[PDB]
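*Asks:* My structure is below; once you've seen it, I'll send some questions.
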Ligand SMILES: [Mg+2]
Ligand SMILES: [Mg+2]
Ligand SMILES: [Mn+2]
Ligand SMILES: [Mn+2]
C-alpha cells in the first residue's frame, strides 16, 4: 500500500542522547502523547538493559492502547524473553532484535563468523515469535556490510518469522540517491523480500537524515524510524515532524499516507523538549519558534501542526 | 569544472531573521571570520536599504580581500548604483540583483507583463556592469514560474551581462529529485546557459535545504547560497557547514571541491550564534554540542574546529 509506518524511538534511541535520561513517569507521559500523535509504533526502551529499563517498558506496555509497544533486544534468547515479558500486557506488541552484519564488527567486535551471526539472528527471531506475531530485525551497520551477506541474513530472518527488516545508516554518512539505490537493490536480492516491510533508520550527521528517509521510501521502504525533534546521540535521528510533514505537504509527489494527527506535532515537540532539556533552535523546521514567522502541493498553516 | 562556489549570505539573508539585525562592527567581525573560513562570496548587505546598510556594506568592501564582497539590489537603477558604489572598494566585488518571475508575482505584485519584467531585469543588469564584471541575477519565486519564461529571462540577462544565475526555492517545499531535474532542464533550455555559473538558494521548511542544494549540484549548479548555522527567516537556509562537510566526507560520490578551511567552521558557528542570539541545538550536524561526543573521509572533531 501507500501507508508509511511511523516507528517512534524517542523513548529508546532518543533517550540515549547525553543528558536525556527520563524517569518512569516522564516516559509514560511522553508515551501517552506519542499515542495521541498517532505514531504506529512506540519503542519504549530496551527491557533487558536494567531493572529500571524493564520497569519503564512494562509500564508503557500497561499504558498504551492504539500504538504498538516495542522493546529492543540483543539477538540472544534471554534478552528476547525479557522483551517479550515486558511488553506482554500491551494489546499491540513488537519485539525489535538486531545484530551487527558488517565484516569488521562481526570479526573483531562480536568475534563471530557470518555463519554464527545468521544462526543467532534466526534463533532470536524464532524465540521472539513465541511472544508476538510482530517482530522487527535490524542489520546493525548495514551500510558497511556486504550486500550478499545482507540478502542472506535478511532472507533467513524473514523465513524465521521477522515481518519488518530495518536498515540503519549507523555511521550517518549516506546520501539520498545512494540510500534509494541501496534499498531497491537489497529488497530485490533478499529471498521473499517483497513479503515484508522494509524500514529505514537514518542519522543526521551530514544534515541528511530526513532526505535519506524519504529516499528509502522511494526505494521501497514503508517504515521510517524517527524521533520527536530528531532527538538522538551525536547529530540525532530523522525528526518525525519533518518526515510526516514532507509527506503531507508533497503528497502530490509521494502519494504516501500516515496515521499521524498533525495537530499534535507542536504539543509533542514542546513536551519532549521540556522533559529532556534538549531545546529546539528557532529556525528548526515545523516546530522551531520561527517556522511560521511569516500549485499541486498542500501549503501548511501554523494551526495544522498544532501552534496555538 | 568541479569547483563549487560557496556563496555566504549570513550577513544579508541571515540578518533578516527576526531579531538577527547586526551592527556594522558585528558585520565586520563576522565578515573577517567568513573570509578566514574561505567562503568564495560574502553577501554583506543590501546597500540601498538605508544609509546604515550602505555604510556597513562599504565597510566590508574596505575590509575583505580574499573573498568577493556582494550587495543585494532590487532591479532598479537607484539600488544598483548604490550597491555598486558601496562595493567599489573591494578587489573582488559582485552585485546581486533580482526580480519575481512567477505569473502570480508578476501580475499581482509587480503589475507588469512578462516583457516589462525582462526589460527591467536587462536594464538593471546593464547598469550593474558599469560597476563590476561580476553580477548575479536571481529569479525570485523561480519554482512557481513557467520554465519557458525562466529560460527566456535567464537568456536575456546572460546576454545583458549576468554571470551567475540563482534559482531560489522561495516557498521551501522542493524535494531533492525534483530540484535536480529542474536545474538540469533549465540549464539546458537557457540560451548560452553553459556560459555562466548556476546557483541554488534552498530553504529548510521541510528539513530538506541541504539535500536540495546537493541535488542542485548533481543537476549542474556550481554555486550554493547558504548561511552559517542555516540562519534565516522561517525555518532558515541551507547550512554552509553541512553542505561543505557533506561534499568533503562524501567526495567519493561528488568529486567536488571548495576553498573552505574546515577548521574554521566551529569558530564561525559560535561567533554567528553569539552575535545573532540564534543558538544551535545539541543535535545539530557538525557544530551542535553533541555532534562529536570505506571510500569516505571520516570527520574528526578537530577537523571542523572543536578545541
Ligand atoms: Mg532527564
Ligand atoms: Mg545581535
Ligand atoms: Mn538512531
Ligand atoms: Mn533564504
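In chain A, numbers come from Swiss-Prot; the residues present are 4-297, 311-324, in order.
Header lists the method as X-ray crystallography, 2.0 Å.
Cβ coordinates come from backbone N, Cα and C, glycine included.
Annotations per Swiss-Prot:
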- A:16, A:204, A:206, A:240: Mn(2+) binding site (BINDING)
- A:7-269: domain 'Pyruvate carboxyltransferase' (DOMAIN)
*Asks:* Go through A:204, A:206, our binding-site residues, and report the one whose Cβ sees the most other Cβ atoms within 10 Å.
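*Replies:* Comparing the binding-site residues A:204, A:206, the most crowded Cβ belongs to A:204.
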*Asks:* Far apart in sequence but close in space: which same-chain residues, 6 or more away, have a Cβ under 8 Å from residue A:240 (Mn(2+) binding site)?
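*Replies:* Listed in sequence order: A:12, A:16, A:17, A:204, A:205, A:206, A:207, A:212, A:228, A:229, A:230, A:233, A:234.
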*Asks:* Please give the Cα-Cα distance in angstrom between residue A:297 and residue A:311, rounded to a whole number; the 13 residues between them are not modelled.
*Replies:* 19
*Asks:* Kindly assign residue A:240 (Mn(2+) binding site) to one of the three DSSP-derived states: helix, strand or coil.
*Replies:* strand
*Asks:* Would you list the other residues of this chain near Mn(2+) - those whose C-beta lies within 8 angstroms of the C-beta centroid of A:16, A:204, A:206, A:240 - in sequence order?
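*Replies:* My list of surrounding residues reads A:12, A:171, A:172, A:205, A:212, A:228, A:229, A:230, A:235, A:239, A:241.
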